[PDB]
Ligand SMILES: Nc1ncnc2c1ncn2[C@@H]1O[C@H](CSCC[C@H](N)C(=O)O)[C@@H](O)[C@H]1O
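The chain below stands alone and is given as structure tokens, in the form deposited without this ligand.
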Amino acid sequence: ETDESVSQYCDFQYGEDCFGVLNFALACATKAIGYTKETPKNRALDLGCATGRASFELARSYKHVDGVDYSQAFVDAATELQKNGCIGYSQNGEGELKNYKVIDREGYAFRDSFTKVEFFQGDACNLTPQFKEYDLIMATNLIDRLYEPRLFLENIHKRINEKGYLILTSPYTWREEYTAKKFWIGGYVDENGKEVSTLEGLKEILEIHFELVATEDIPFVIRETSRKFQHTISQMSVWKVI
């Protein structure tokens, strides 16, 4: 159960490209470093780090990276790869068949920086007070999985340094199994009969403390079986603290 999801994100984050779509965690981290080039790049926070790829990649440019995920099982896998230098996972094949794969930390360029990362279990809607003073906070495919995203979005500016950045990516796949409809940031018809886009809703919440600097669509592919995959286009939004 949990091992299936962990194996799936191991393949997503450390596996090979599919359909010409590049590694999502590398693309997001690389794009995040570009948008934050003018900043000190001392502390970064990767929320929804899952199996840790984006944190490792951010660490190549930042002095310290905190990786945070809600699932302890994902944190353990990231910590295992960090500490043991390798982790195994079961790649999904036809039906129930699985193909064992190894992730070797020493095979990736990020092996020059992995000690600059610390992985923690935590909830982005209510982060403990120690997670603060970041030059960059990135939340990868996270907002449409939070039970109340305003708890995170309305307060996250207090954890970012001045001239710091908040970078969000999301396919805007709002679902009642994750978020009650009244808390969707977008994808709904409001009480006045207007259709609300998630970006617009994010602008309403975030432009009190941020400026929207850029947007871009970043595709990603996650393997479900050897023949079935999810191909999704997430929208990255870049917000600079005002």
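Just count from 1 along the sequence shown to find any residue number.
Selected stretch [higher average CA B-factor]: 183-191 or 33-41: Stretch with the higher mean C-alpha B-factor: 33-41.
Selected stretch [higher average CA B-factor]: 229-237 or 11-19: Result of the comparison: 11-19.
CA B-factor placement of residue 70, once the chain's modelled residues are sorted into thirds: It falls in the top third of the chain.
Chain-wide C-alpha B factor ranking for residue 210, given as lowest, middle or highest third: Tercile = middle for this residue's CA B-factor.
Residue 56 by Cα B-factor - lowest, middle or highest third of the modelled chain: It belongs to the lowest third of the chain when residues are ordered by C-alpha B-factor.
For residue 95, the third of its chain into which the C-alpha B factor falls: According to the entry, residue 95 has a C-alpha B-factor in the chain's middle third.
Residue 134, C-alpha B-factor rank within chain (lowest, middle or highest third): It belongs to the middle third of the chain when residues are ordered by C-alpha B-factor.
Below, we refer to the form deposited with this ligand bound, which is not included among the displayed structures.
Answer range among 160-168, 85-93, 98-106, 133-141 for contact with this ligand, defined in the deposited bound form as heavy atoms within 4.5 Å: Result for this chain: 133-141.
Heavy atom of residue 57 within 4.5 Å of this ligand in the deposited bound form: Result no; residue 57 lies far from this ligand in the deposited bound form.
Residue 201, heavy atom within 4.5 angstroms of this ligand in the deposited bound form: Residue-level check for residue 201: no, no contact with this ligand.
Partner proximity in the deposited bound form: residue 119 to this ligand, non-hydrogen atom cutoff 4.5 Å: No, no contact at 4.5 Å.
4.5 angstroms heavy atom contact with this ligand in the deposited bound form for residue 145: Because a heavy atom of residue 145 falls inside 4.5 Å of this ligand in the deposited bound form, the answer is yes.
Site test, 179, 184 and 188 vs this ligand in the deposited bound form, non-hydrogen atom cutoff 4.5 Å: Not one of the three qualifies.
Those residues of 74-103 which, in the deposited bound form, come within 4.5 Å of this ligand by heavy atom: Residue within 4.5 Å: 74 only.
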